[PDB]
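> Below you'll find the structure I mean.
Note that we place each Cβ from the backbone using ideal geometry, even for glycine, and neighbour counts take in every protein chain shown. Values in this text are rule-based calculations from the coordinates and carry no lab data.
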């Protein structure tokens, strides 16, 4: 029941769960939280519901709008099956 | 397209078809047409619809109310299957 | 459930007649 | 139907009393 | 369709003509 | 503006045409009334008898309100003995027929539309057509004649009850002399022509109200939402038609 | 037979009154009552008020005309035809205005609300709203109730101010009364604050009663399509009876 | 003739929406003839066309060799004593009990004495199986008992074409079995010609002798039950097995995804 | 706990009619659980009991170990964010398009920024398959698309118990297949716990993991799909195959025959 991001250079890393209650603390300052990164870590994230996927897609889009092509890392396979349920193309959510 | 009954002693015999248009000429005088009979012939009857079965049941009942137990004769098997559709007991329509 | 309708329509017509008589007798 | 009939008779008596109270106005 | 429209025009014409002869019998 | 205004105009003309066609096809017939008595009696029960309590209870109250508002005006000119004339004329001329028509459109003018729309929803009209029974002659004309026969009677009841309510207020409560009230009322205004005019405008209101009701119930979209849009339309259009026809008939029959 | 039937009907009427009271009470107790409810109340003012405006305007015109005719014919026998404006204005501001506005509002908008809520209850929209923790009494009953209460007095004001103009059309323009006498006689002599305030008071009472009866009958109807059409008629009937009864009571209280 | 009803190039459109586009089907005499298809396609209008309640735009509807839309009104009302619809809502008259509903056609068209009429109505109510409910109002009936009473009414005048209108829609397997047994044994005993317009394939194809799968405003395939349970066509096979995705798009036409996802 | 919903000796009667008489069923967590039975038995009340909309007369309804009828109103409204019904009529709000209907629970309970909310609603509408109809009013929708949009709405707040209320009733096999695929893949991906109260046996038993056949006001049998397709009991077997005549009388209770035939 906590969300805390700590980018180590160009590798943003999220922590704790990720759902509708804690989306705001990261969405308020999404830009500086995504500036100059190429690897969005998710290994330290336990649960990702639909709102978490929406935030992840918006972060990936905001990073793609800065040139650096984004690569995800440590993504739980539950996120992958829950995203394939929504039929997300490989363009918006790079596997 | 005609109904004409001619009882030969105690054996009533019907003729022609038997349906809703020609039920009245026999129902008007059902009593004298059934008085003192024990065998209702039907071999000279081509088609018998539901109204014909109703008239036959009422005639058999009126004859049973005079003692003489009624026996049908020359009954077309189509009458029998169309009566078994309506699930008529052997009490009212003696086979 | 039909003699009910008959007697009620009769009562309604009788009430209409009594009303018409009341008016036409307080009319002249 | 006992309490129902009692309530009905009480309502009839109350309606009669209301008619009598309206009769306290005039006639 | 055409017959319905024609009956409608005729009925509206008859209604407005009745109302017109009425109002001409009303003002004067 | 003109893009949709002409479409609306032709749609309204087609609606009037459908209404006229329904009426003409439901009224022409010689064997109409006989063998239909068990239908017309039931319809007189549904339309008339069930719509009698509202008429009586509203006539009492309108008579009382007329009595109060006429006494408070006539007591200034020492003419409170003409309260009977005032109440009787205001009921026999405008209030009686118009209010009876409005309450009839409310209670029995919407019930007919709802009933016929529901009969069209469960496909009872099509099922009646499938067995060679013309519905316009079997289900429309009994209701039409029930309404036409039943409104001018509810109007007479409404009048003869409002007059009595005005008598309650004026004679009993306020204290006017009953002799002056009734005698003043009967000789001065209750001529045959006032009653005849009341009945004439009541019959016209009956015709228009029951026609609008039957048509809106017969032309409604069968869905359970199109029926409720037809009951409200029935009430609205019938109130508007009643008031307009009332103004016209007043301008005709009273100079 | 009478004792059992009368007792059962009395108990059923007591139960209906209790359920209506509970519905209104639970619908009219809340903190966010008017904030965050602006679009709801605006849409409900449109469905109840604006759509029920053409009938009110036209009926006002026609009743003003009928009053003008039937007042001219009465006053012309005493040469008091110049008091026709006073007569029309007072008859509208006292009885015809509020009562007829309430009757037409219960017919047009009092039945639409009942039908709409009954249909909302038939399609299980109210149960589907309760199932997502959104109190329907606070979401669909309160906006419609406040829309009706806010929208009937305005319709009554429009109805009056239009019937007065219709009476002027009949008396001044057609019958030929002096316009100056008409207006001046009417304005100076009788339209004081008390005549108006009473019109608004009885209009607000009629609003409360009509919209409450309509909402309750729409909220208590049997969900079937034959229970809705049976609740619309009950709405119209009960609303007309309540309007006329409360009108008699309010007249007896405020005038004599 | 062997084709009791014989449509030929009939096309019907309401508004601007082409409901039927040049369809033509033949109903053999004495055999059940299903007309299946997707729901919402308006396949119940196909019965109102045979009933003459609405007229088509082209084509002809030959009933026993007699073109129906060209007939007059009296001739139509005379022919309609041979047809009988069965609407899915029963279409029972709510102001009279089941007995009066069943007796309405007899009491209207035939001159039968009251005892004979009562006996006939009781016989038919027993044939369907609702004789015990001969005094219940239509409101007190269930959803399947209403259709059974309406079927008892439909066989009153001894017709020769009973056009069923989705009789199995929304009912447990018990009532479906009861209805399919009734339809089968009525087609067997009375020799009537049924036309079952439904979309409950596993139950409808249990009786039908020549089905007509109707999709895409026209007729896609037709044949016996076996000739349909083995027809290798994408649309027909999808409709028959209930395959979710196929020639009918499982996904509503949407278009792009990124613009809707990231506006 | 493994039983998400756990009824125990619950009995509910309206009027004087005993609807349920001492029934007790357990809904496992993460698995579909059908509740079948004859139509008109009122088996949809079994869902309103779990939803707390109506209170039973005896017994207890344990939701995740918490007795529901004993809870307060605020606690009930807090728990109801975990359940989600799906009424057979869709129950869509007719005064707003599909997008607003799906966004209503999100826009009501969660504080999501407008872009995130739009993205989430579009994702869910794509999951169901109605993303192309995100602008249509509920009246412009078909009969199955309405239920699909209502299902998209039911999964908005990420619940853990979706109580379906006869989703397959009266629909062609195409829409039945679409709905059963959606239900199966939602139970698979999201891990929600479905409770399908229906009476369309051949489609319901295709997904259900532990069915509960409910007849005669009580529970007659229960088990897996195989344990029901092989249970030798007259009532259960009649209901499963759709046998017309059996322990449920095909003929309405009538009595004598001669007195009705010859009065």
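> Go through (1) in contact with a helix residue (DSSP H, G or I) (Cβ under 6 Å, 6 or more places away or on another chain); (2) surrounded by fewer than 24 Cβ atoms within 10 Å (Cβ to Cβ); (3) under 29 Å from residue A:48 (Cβ atoms) for residue I:215 and report which single condition fails.
Unmet for residue I:215, out of (1) in contact with a helix residue (DSSP H, G or I) (Cβ under 6 Å, 6 or more places away or on another chain); (2) surrounded by fewer than 24 Cβ atoms within 10 Å (Cβ to Cβ); (3) under 29 Å from residue A:48 (Cβ atoms): (3).
> Within region I:32-48, work out how many residues are buried (at least 21 other Cβ atoms within 10 Å of the Cβ), out of contact with any helix residue (DSSP H, G or I) (no Cβ under 7 Å at 6 or more places or on another chain) and either within 14 Å of chain H (Cβ to nearest Cβ) or under 17 Å from residue I:11 (Cβ atoms) (or both).
Residues meeting the conditions: 4.
> Here's another thing I want to ask about it. For region F:131-150, give me the residue count where each residue is more than 7 Å from every other protein chain (Cβ to nearest Cβ) and crowded, with 20+ Cβ neighbours inside 10 Å.
11
> Give the residue that is nearest to residue I:170 (Cα to Cα), with candidates limited to residues of region H:232-250 that are outside any helix (DSSP H, G or I) and touching a helix residue (DSSP H, G or I) at 6+ places or on another chain (Cβ under 7 Å).
H:242
> Just to confirm my filter: which helices (runs of 4 or more DSSP H) fall fully inside chain A and include at least 1 residues that are within 14 Å of chain I (Cβ to nearest Cβ) and loosely packed, with under 15 Cβ neighbours inside 10 Å? Reasoning before the result, please.
Working: elements: A:24-27, A:30-34, A:50-64, A:77-85.
Fully inside chain A and qualifying: A:24-27, A:30-34, A:77-85.
> Could you tell me which numbered condition residue H:120 fails, if it satisfies all but one of (1) touching a strand residue (DSSP E or B) at 6+ places or on another chain (Cβ under 7 Å); (2) within 14 Å of chain I (Cβ to nearest Cβ)?
(1)
> Specify which of the listed residues (G:9, G:36, G:31) is within 14 Å of chain D (Cβ to nearest Cβ) and without any contact (Cβ under 8 Å) to a residue 12 or more places away in the chain.
Checking each option against the conditions leaves just G:9.
> To continue, here is another question. So which residues in region C:4-28 are within 17 Å of residue F:192 (Cα to Cα) and in a helix (DSSP H, G or I), if there are any at all?
C:17, C:19, C:20, C:21, C:22, C:23, C:24, C:25, listed by residue number.
> How many of the residues in region D:1-14 are surrounded by fewer than 11 Cβ atoms within 10 Å (Cβ to Cβ) and closer than 30 Å to residue F:171 by Cβ?
The total comes to 1.
> Restricting to region H:14-24, what's the tally of residues that are part of a strand (DSSP E or B) and over 14 Å from residue H:48 (Cβ atoms)?
Residues flagged as part of a strand (DSSP E or B) and over 14 Å from residue H:48 (Cβ atoms) within region H:14-24 amount to 5.
> Turning to a different aspect of this structure: Look at residue F:121 and say whether it is at the interface with another protein chain (Cβ under 8 Å from one of its Cβ atoms), more than 24 Å from the chain's Cα centre (by Cα) and without any contact (Cβ under 8 Å) to a residue 60 or more places away in the chain.
Working: at the interface with another protein chain (Cβ under 8 Å from one of its Cβ atoms): yes; more than 24 Å from the chain's Cα centre (by Cα): yes; without any contact (Cβ under 8 Å) to a residue 60 or more places away in the chain: no.
Judged against the criteria, residue F:121 is not a match.
> Additional query: Taking the criterion of being within 14 Å of chain I (Cβ to nearest Cβ), buried (at least 16 other Cβ atoms within 10 Å of the Cβ) and farther than 28 Å from residue F:114 by Cα, would at least one residue in region H:78-85 satisfy it?
No, region H:78-85 contains no residue that is within 14 Å of chain I (Cβ to nearest Cβ), buried (at least 16 other Cβ atoms within 10 Å of the Cβ) and farther than 28 Å from residue F:114 by Cα.
So that you can scan it fast, the table gives a plain yes or no per residue for (1) more than 27 Å from the chain's Cα centre (by Cα); (2) surrounded by 12 or more Cβ atoms within 10 Å (Cβ to Cβ); (3) part of a helix (DSSP H, G or I):
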site	(1), (2), (3)
G:31	yes, no, no
G:47	no, yes, yes
G:60	no, yes, yes
G:82	yes, yes, yes
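> Please work out which one of (1) in contact with a helix residue (DSSP H, G or I) (Cβ under 9 Å, 6 or more places away or on another chain); (2) without any contact (Cβ under 8 Å) to a residue 40 or more places away in the chain; (3) within 28 Å of residue I:198 (Cα to Cα) is the condition residue I:78 fails and give its number.
Failed condition: (1).
> So residue I:119 ticks every box in (1) closer than 30 Å to residue A:23 by Cα; (2) over 22 Å from the mean Cα position of the chain (by Cα); (3) part of a loop (DSSP other than H, G, I, E, B) but one. Which box is left unticked?
(3)
> Follow-up question, since we're still on this one. Exactly one of (1) closer than 19 Å to residue G:161 by Cβ; (2) surrounded by 21 or more Cβ atoms within 10 Å (Cβ to Cβ) is unmet by residue G:128. Its number?
(1)
> Moving to a separate point now. Across region H:102-115, what is the number of residues that are assigned to a helix (DSSP H, G or I) and more than 11 Å from chain I (Cβ to nearest Cβ)?
Residues that pass the stated criteria total 8.
> Among helices (runs of 4 or more DSSP H) lying entirely in region F:169-255, which contain 3 or more residues that are more than 14 Å from chain C (Cβ to nearest Cβ) and in contact (Cβ under 8 Å) with a residue 40 or more places away in the chain?
On the way: elements: F:178-188, F:192-218, F:224-253.
By residue number, F:192-218, F:224-253.
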